[PDB]
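Everything below concerns the one structure shown next.
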Amino acid sequence: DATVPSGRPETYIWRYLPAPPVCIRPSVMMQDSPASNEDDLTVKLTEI
Amino acid sequence: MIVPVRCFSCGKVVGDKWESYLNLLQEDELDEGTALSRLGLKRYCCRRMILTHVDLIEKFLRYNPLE
Amino acid sequence: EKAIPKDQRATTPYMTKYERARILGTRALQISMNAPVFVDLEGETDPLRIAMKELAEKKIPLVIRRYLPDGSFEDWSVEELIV
Amino acid sequence: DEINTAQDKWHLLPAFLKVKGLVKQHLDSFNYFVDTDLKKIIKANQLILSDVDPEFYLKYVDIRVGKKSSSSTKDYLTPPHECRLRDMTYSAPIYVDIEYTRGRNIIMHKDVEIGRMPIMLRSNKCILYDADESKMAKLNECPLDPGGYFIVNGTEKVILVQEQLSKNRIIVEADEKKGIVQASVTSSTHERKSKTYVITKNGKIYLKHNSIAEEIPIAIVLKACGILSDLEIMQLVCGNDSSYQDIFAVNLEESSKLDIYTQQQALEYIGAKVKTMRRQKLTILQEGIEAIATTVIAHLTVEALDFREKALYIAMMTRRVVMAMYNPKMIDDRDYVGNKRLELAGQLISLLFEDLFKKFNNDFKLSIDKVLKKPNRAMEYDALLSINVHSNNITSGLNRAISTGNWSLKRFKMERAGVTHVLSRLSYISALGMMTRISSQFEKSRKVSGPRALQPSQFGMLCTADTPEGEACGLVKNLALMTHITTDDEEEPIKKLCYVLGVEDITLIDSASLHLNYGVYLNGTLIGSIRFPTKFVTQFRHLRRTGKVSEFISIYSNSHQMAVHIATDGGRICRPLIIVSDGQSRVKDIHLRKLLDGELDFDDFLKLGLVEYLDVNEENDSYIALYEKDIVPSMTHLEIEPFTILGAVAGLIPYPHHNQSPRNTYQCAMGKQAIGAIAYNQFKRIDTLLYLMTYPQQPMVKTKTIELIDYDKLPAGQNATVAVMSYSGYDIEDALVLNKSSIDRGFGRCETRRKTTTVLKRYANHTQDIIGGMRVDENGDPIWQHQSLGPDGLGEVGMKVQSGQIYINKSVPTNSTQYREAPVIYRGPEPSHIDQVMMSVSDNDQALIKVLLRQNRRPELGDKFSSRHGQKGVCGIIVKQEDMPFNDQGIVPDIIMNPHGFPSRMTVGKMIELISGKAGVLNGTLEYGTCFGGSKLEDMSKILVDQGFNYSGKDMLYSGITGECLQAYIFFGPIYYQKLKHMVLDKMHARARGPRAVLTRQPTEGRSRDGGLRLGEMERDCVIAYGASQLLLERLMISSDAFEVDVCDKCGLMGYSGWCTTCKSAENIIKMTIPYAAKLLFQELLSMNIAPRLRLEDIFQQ
Ligand SMILES: [Zn+2]
Ligand SMILES: [Zn+2]
């Protein structure tokens, strides 16, 4: 349905990546090494 | 570990009869039944308190760490 | 969006278990919010039990709005709903 | 008294168990490994070479464990208990002799340690071998401890015996609507593979190998393997039976359908389908590639130009297929015990060490190449500093595989988990039963129940009652009492013997006469055919009884499949059996007299031909008598003792043959959880958890098993005075009534000891943890948090700790000069007492602190008790002694158990146990409740009547609360009761508010973390079915995760702080409460390309 903006089919191709908030991918404190440990979504968006 | 002081069911003191029972078994040997009857253990609860006891403290003392 | 007039009503005149439970919950919440009670407490402090006492005396000032699936609704006071 | 063979042949079981203990599979397997398999690995990988510097090599000459040539004694090993205490690995060094060439033509030997070998307890290399309880006292080890496990990093790890289908053996299975597939999983010393074999369609027979692209039709492979006549093909696979001919003719026709074939035409056809070899030796891509394909199609490795052996093997494969297609029920049960094998700890460690040694040699060669690639000054002197440094990898891998249970074998290419488990220390029986435990092969499709049912063929080999509950029900099995596992012995000298005994080789045999005589199979392979199959079997058995061949070789004859089968491989389960010759037993009680006199230990009954081992397959050919009384002169063997069909754990049950079988299985479950005595060094041990009974008693009614396994020396339970009656109403549904004042006098009184381990780890910045502390107040006394801490900063031994106090005042550096406080705080609902603070150092100069927290435990309401017959239940009420009913002598029960538990569970064994225990206490003797035996009920009733009691154990009691006679006689007597590890003090948990998950803002999910109780989809469904909308809202939103979100009315997108931050207006922002889970889900959906826009409407305005 193209009545509203973003109803255009080209918006369905990955062009902008809405990287999630930090609360969505919390970074845990003091695991193994003294340094904080990141998580999967953070690592993947870093690599992207 | 060590012989309980009282029978679990009656409360009769059986902790003062362990050594006498052992001496009845070794010195001037008797059957276990007559050795229990000689000590005054008439009730079968007091009888089992001595008959089924396992003296594990003598085995634990073989590992005494402050010799 | 049209209330059925009181003179005729198709819903049951008896109070359902869900209606009773929800009325007791609402009345008890109101009492727990320091609403005045219309029953003689006799030293009762629990709002739920005060609400049960008012229900037994039929002195709860709430009505039940029963919506029909077609969108209309007929209003039933707690007093007229027979248990 | 004269020895009676009927009732004294049982002594062969103690004779067998003296030299072959219950933990002997692990022991023998590990001894075999360290004694011969290590030499086998070092002789397989004996030399490593480099491309450069050809005038140089490394030779592995010898391998040894724990001994050098310098002195007659072995090296000092830190004893296993010290390894347990200091959290290190009980290991012995691996010493090798190295021949590395010197640049000036010098040849020498050496004794160089290439790593530490984790040594199994009580093996040859273990320091506790042949110790006399005095050296065990000095080493702080329990003489009754099973042994047969490993201590790696201070934890006791056991490599469980592994069940798996027999390799190198043909298995045929049918199926409905799909066809018949039958495989032969063949394993070599370096390559494992399975030659799959299925019927695709039209009754066409195919060979399906992984390396082969498409399943080659059977006539093609048969013609390729030298059998190229296409009549002898049908003769071999079909014989003279008419049905099989037409069953098979289709794939005969196909052989000419493609193109008429010579041998080499079929060989080229096979070779065209080989997949790849990682693009090495590319010049082999010809007809010759099929030679390697057929060489690596099975275990029948061919090193010559004669293909008769593989041809006949594939022909038998085909003929079994054709039999199955003609009619089903010609298949083999994949759950038949004869078709399984038991891998053991020694074999596992053999393959693991072989893999680790290959890695070590590859890395050593890499280092050697890197060193010797230098042009100038290539000094050869001390070329072993690398191996001195490089020895850590073998030790690291060997330790870590045992520690984690995951065994990453690169060479053989699979990943297996759960090879090891922590040895259970709930009870002595728990440890012993974790020994002799078998784990079945995974990837079994647990949705079905084939390998879950109990088989009649496991009689005497696997325990018939020790199978666990819940999820691995039927997957974990236990060894029977009197059992042996065969070991791999050489097959070549038995083939020659078979040829001597009249077997004519298959190369001497023609196709047209193959299915007219019996064919002799060696480990599943047709080595030849023989006339007089029964005479051949008899002569072979006579040779084995006279010791001319190993006692573990099994020979049996199949009549449906006309075959004499001879098995020599290890892993077959077998049990000893008295040989019955000419209708008489061979023991005849003179041997028994010698045996009890001391002469003729169990081995001599084997050397004398009186007793022989039978595996499951030979039991097909045998006819065993259970008793000497029913020996008919057609039977071949006689049971030594029929109670050996139960394992060690199931032998704790008195009169199990009087119980329903589920009761025996449940007691097998609960006996491992019973609280009691652990070991003679239990107070020297420091375990993560330990339950100990203060006053353990040996059962009044015992069995032969419990004294064969020394259960009466460390018992777990007590002989409670039991009245079987309805009482107080608090005993309905398995609930028990416990006597107060029996609990006061110590009945059921146990204790728990918990250890806490901390390490003062040093860091890169020359810094490390310290344990200082114990600050005081202005009056000089310490603060309450340090009330039991001592100046050392470690809890004072003997002092109590309550919740919130510190027993280890550790501090961690802030730049890990300044130390932040990280103390160890006791979080326990009931106080404990410090009873052992161990200050030591790990193997890496790192400080190690261990604190043992002991806590006495009174039996209370809700504590679980059990009675050796699957009759468990919690304490429903604790009542005063005077309220309890009493008999004429004033005897009062410690436990009252409901009569309603007896009729439906049908535990007559429990009643017989009560009566036998009563007669035993009155007679002064412990009674016996052995399976299929024990003290007769008439004898116990006679004892009861002689002492003035009713013959049926039913005494008249008086009521404790009314004083009157009970109108019914009450079953009164002692029953052994075990206190189980599930105490209500460790189960009572309650949370109001507290810790929450960071990501989801919901209550945590652990009792130690103050977790909440999950209200699942099922409880949600129940609350919906009640129609309680507000309760749903309160339980699932208000009391779990309530979030006040900002939602814009214009765009259904969540805002923050009353700001839409998408239209940047703050005008249409609405405030509402939703689950934080819903908020998280919407924010996750916005991370993907989903915009879950919320549309709102007023609840009001109608
Ligand atoms: Zn007593
Ligand atoms: Zn907006």
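In the structure tokens, the first chain shown is A, the next is B, and so on; residue numbers restart at 1 for each chain, and ligands run from 1 in the order shown.
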Test item, helix (DSSP H, G or I) assignment across segment 181-330 of chain D, answer as JSON, numbers by chain: {"D": [218, 219, 220, 221, 222, 223, 224, 232, 233, 234, 235, 236, 237, 238, 242, 243, 244, 245, 246, 247, 248, 249, 250, 251, 252, 253, 254, 255, 256, 257, 258, 263, 264, 265, 266, 267, 268, 269, 270, 271, 282, 283, 284, 289, 290, 291, 292, 293, 294, 295, 308, 309, 310, 311, 312, 313, 314, 315, 316, 317, 318, 319, 320, 321, 322, 323, 324, 325, 326]}
Distance filter 12 Å around ligand 1, atoms: only C-alpha atoms and all ligand atoms, out as a short mmCIF file (atom, residue, chain, number, x, y, z; two decimals) with C-alpha atoms, in the first residue's frame:
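Contents of the output file out-v4.cif:
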```cif
data_model
loop_
_atom_site.label_atom_id
_atom_site.label_comp_id
_atom_site.auth_asym_id
_atom_site.auth_seq_id
_atom_site.Cartn_x
_atom_site.Cartn_y
_atom_site.Cartn_z
CA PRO B 4 24.41 -43.04 70.31
CA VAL B 5 23.87 -42.16 73.95
CA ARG B 6 20.19 -43.18 73.99
CA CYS B 7 18.01 -45.54 72.03
CA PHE B 8 16.13 -43.58 69.38
CA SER B 9 12.76 -45.05 70.35
CA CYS B 10 12.79 -45.61 74.12
CA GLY B 11 15.44 -43.17 75.31
CA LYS B 12 17.17 -45.91 77.30
CA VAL B 13 20.88 -45.26 77.67
CA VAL B 14 22.77 -47.56 75.31
CA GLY B 15 25.96 -45.51 74.94
CA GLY B 40 19.71 -55.57 79.81
CA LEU B 41 18.64 -54.67 76.26
CA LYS B 42 15.22 -56.36 76.37
CA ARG B 43 13.36 -54.16 73.88
CA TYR B 44 14.14 -54.71 70.23
CA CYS B 45 14.69 -50.98 69.68
CA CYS B 46 17.51 -50.95 72.24
CA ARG B 47 18.67 -54.23 70.71
CA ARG B 48 18.93 -52.77 67.20
CA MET B 49 20.65 -49.63 68.49
CA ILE B 50 23.63 -51.81 69.41
CA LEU B 51 23.27 -54.62 66.87
CA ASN D 719 16.67 -48.87 61.35
CA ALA D 720 13.59 -46.92 62.38
CA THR D 721 10.99 -48.52 64.62
CA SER D 741 12.13 -37.32 70.81
CA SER D 742 13.52 -39.76 68.26
CA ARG D 745 17.89 -38.38 70.39
CA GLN D 889 7.13 -52.97 76.62
CA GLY D 890 6.64 -49.28 75.89
CA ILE D 891 8.37 -49.54 72.52
CA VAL D 892 7.31 -46.52 70.46
CA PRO D 893 7.74 -46.05 66.69
CA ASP D 894 10.27 -43.63 65.27
CA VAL D 921 16.91 -57.93 66.39
CA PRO D 974 12.24 -52.18 62.32
#
```
Spatial neighbours of residue 63 of chain B, 7 Å, only C-alpha atoms, chain gap at least 2 places, as a PyMOL selection string: (chain B and resi 60-61+65) or (chain D and resi 137+140+681)
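Residues of protein or nucleic acid lying within 7 Å of ligand 2, counting only C-alpha atoms and all ligand atoms, are residues 1048, 1049, 1050, 1051, 1053, 1060, 1062, 1063, 1064, 1065 and 1068 of chain D.
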Which of D:327, D:73, D:1029, D:105 sits closest to chain C [using only C-alpha atoms]: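 Residue with the minimum atom-to-atom distance to chain C: D:1029.
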From D:344, D:626, D:213, D:500, residue lying nearest residue 293 of chain D [only C-alpha atoms]: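 For residue 293 of chain D, the nearest of the given residues is D:213.
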Residue list for chain A near chain D as a ChimeraX atom specification, 9 Å, only C-alpha atoms: /A:11-12,14,17-21,23-26,34
Between atom CA of residue 820 of chain D and atom CA of residue 808 of chain D, distance in Å (one decimal): 14.1 Å
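Proximity to chain D at a cut-off of 10 Å picks out residues 1, 17, 18, 21, 22 and 25 of chain C on chain C, counting only C-alpha atoms.
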Write out as a PDB file with N, CA and C atoms, in the first residue's frame which residues come within 12 Å of residue 68 of chain C when counting only C-alpha atoms, dropping same-chain ones fewer than 3 positions away.
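Okay, part-v5.pdb is ready:
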```pdb
ATOM      1  N   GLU C   1     -23.575   2.032  19.968  1.00  0.00           N
ATOM      2  CA  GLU C   1     -23.529   3.392  20.490  1.00  0.00           C
ATOM      3  C   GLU C   1     -24.946   3.830  20.869  1.00  0.00           C
ATOM      4  N   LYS C   2     -25.823   2.851  21.070  1.00  0.00           N
ATOM      5  CA  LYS C   2     -27.218   3.102  21.414  1.00  0.00           C
ATOM      6  C   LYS C   2     -27.613   2.236  22.602  1.00  0.00           C
ATOM      7  N   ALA C   3     -27.957   2.879  23.714  1.00  0.00           N
ATOM      8  CA  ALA C   3     -28.390   2.164  24.906  1.00  0.00           C
ATOM      9  C   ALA C   3     -29.802   1.625  24.720  1.00  0.00           C
ATOM     10  N   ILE C   4     -29.985   0.338  24.997  1.00  0.00           N
ATOM     11  CA  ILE C   4     -31.318  -0.261  25.023  1.00  0.00           C
ATOM     12  C   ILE C   4     -32.113   0.368  26.160  1.00  0.00           C
ATOM     13  N   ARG C   9     -35.364  -5.606  27.999  1.00  0.00           N
ATOM     14  CA  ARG C   9     -33.950  -5.968  28.053  1.00  0.00           C
ATOM     15  C   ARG C   9     -33.828  -7.461  27.799  1.00  0.00           C
ATOM     16  N   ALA C  10     -32.903  -7.841  26.916  1.00  0.00           N
ATOM     17  CA  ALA C  10     -32.792  -9.237  26.512  1.00  0.00           C
ATOM     18  C   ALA C  10     -31.751 -10.001  27.320  1.00  0.00           C
ATOM     19  N   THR C  11     -30.818  -9.304  27.964  1.00  0.00           N
ATOM     20  CA  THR C  11     -29.795  -9.996  28.730  1.00  0.00           C
ATOM     21  C   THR C  11     -30.394 -10.589  30.003  1.00  0.00           C
ATOM     22  N   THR C  12     -29.646 -11.507  30.605  1.00  0.00           N
ATOM     23  CA  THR C  12     -30.153 -12.233  31.757  1.00  0.00           C
ATOM     24  C   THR C  12     -30.301 -11.293  32.951  1.00  0.00           C
ATOM     25  N   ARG C  65     -22.607  -2.344  32.764  1.00  0.00           N
ATOM     26  CA  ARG C  65     -22.879  -2.010  31.373  1.00  0.00           C
ATOM     27  C   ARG C  65     -22.526  -3.221  30.521  1.00  0.00           C
ATOM     28  N   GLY C  71     -22.938  -3.895  19.439  1.00  0.00           N
ATOM     29  CA  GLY C  71     -22.480  -2.592  19.859  1.00  0.00           C
ATOM     30  C   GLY C  71     -23.370  -1.884  20.855  1.00  0.00           C
ATOM     31  N   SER C  72     -24.629  -2.293  20.978  1.00  0.00           N
ATOM     32  CA  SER C  72     -25.531  -1.684  21.939  1.00  0.00           C
ATOM     33  C   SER C  72     -25.161  -2.123  23.354  1.00  0.00           C
ATOM     34  N   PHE C  73     -25.844  -1.555  24.343  1.00  0.00           N
ATOM     35  CA  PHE C  73     -25.576  -1.907  25.729  1.00  0.00           C
ATOM     36  C   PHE C  73     -26.808  -1.613  26.567  1.00  0.00           C
ATOM     37  N   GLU C  74     -27.035  -2.473  27.554  1.00  0.00           N
ATOM     38  CA  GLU C  74     -28.099  -2.279  28.521  1.00  0.00           C
ATOM     39  C   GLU C  74     -27.491  -2.250  29.912  1.00  0.00           C
ATOM     40  N   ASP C  75     -27.956  -1.307  30.722  1.00  0.00           N
ATOM     41  CA  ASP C  75     -27.372  -1.045  32.027  1.00  0.00           C
ATOM     42  C   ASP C  75     -28.133  -1.795  33.109  1.00  0.00           C
TER      43      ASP C  75
END
```
